[PDB]
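Asker:
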Amino acid sequence: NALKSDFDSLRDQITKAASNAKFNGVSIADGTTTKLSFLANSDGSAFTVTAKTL
Amino acid sequence: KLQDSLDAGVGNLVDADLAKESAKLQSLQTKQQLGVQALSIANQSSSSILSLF
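Taken in order, these protein sequences are the chains called A and B. So the number in full-length UniProt numbering is just where the residue sits in the first sequence, counting from 1, plus 110. So the number in full-length UniProt numbering is just where the residue sits in the second sequence, counting from 1, plus 219.
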């Protein structure tokens with residue numbers, strides 16, 4: 111039971127860590143989007159970064 | 220780590236690249252001296268016709 115309790119606590123800490131992985135309101139890892147697109151050139155063509163949900 | 224990332228990002232937004240500014244400074248100081256010389260040249264135009272009288 112002590113091992114199970116520790117396991118459940120570490121599991122909840124994973125949720126906290128993933129939800130806090132934001133830089134000024136945007137995240138590539140919290141699961142809230144499929145991708146972020148950053149500018150690649152002056153015409154506005156995108157540099158895609160696929161989201162990796164943690 | 221997040222506070223360091225936010226501070227480094229503010230630096231990315233506002234900080235000057237001083238190595239680039241040193242080149243701009245030297246060229247602008249040369250350009251200012253040339254502009255003063257060009258203004259001196261333009262100031263001389265009226266005196267050219269004094270010889271005709």
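A virtual CB, placed ideally from N, CA and C, is assigned to each residue, including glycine.
1. Starting from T125 of chain A, follow the beta strand (DSSP E) in both directions and report where the run begins and ends.
2. Per DSSP, which one or two residues make a beta bridge with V159 of chain A?
3. Around the C-beta of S137 of chain A, are 16 or more other C-beta atoms found within 10 angstroms, so that it is buried, or is it exposed?
4. Can you check whether the C-beta of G230 of chain B is within less than 9 Å of a C-beta belonging to chain A?
5. Quick one: measure Cβ to Cβ for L146 of chain A and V159 of chain A, integer angstroms, because I've assumed they're closer than 8 Å.
6. Please confirm whether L253 of chain B has its beta-carbon closer than 9 Å to some beta-carbon of chain A.
7. When you compare the CB of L244 of chain B with every CB in chain A, is at least one pair closer than 9 Å?
8. Report the rounded CA-to-CA distance for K126 of chain A versus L164 of chain A, giving the unit in angstroms.
Answerer: Considering the structure as presented:
1. Note, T125 of chain A: premise wrong, no beta strand (DSSP E); alpha helix (DSSP H) at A112 to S129.
2. A:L146
3. buried
4. no
5. 5 Å
6. no
7. no
8. 11 Å
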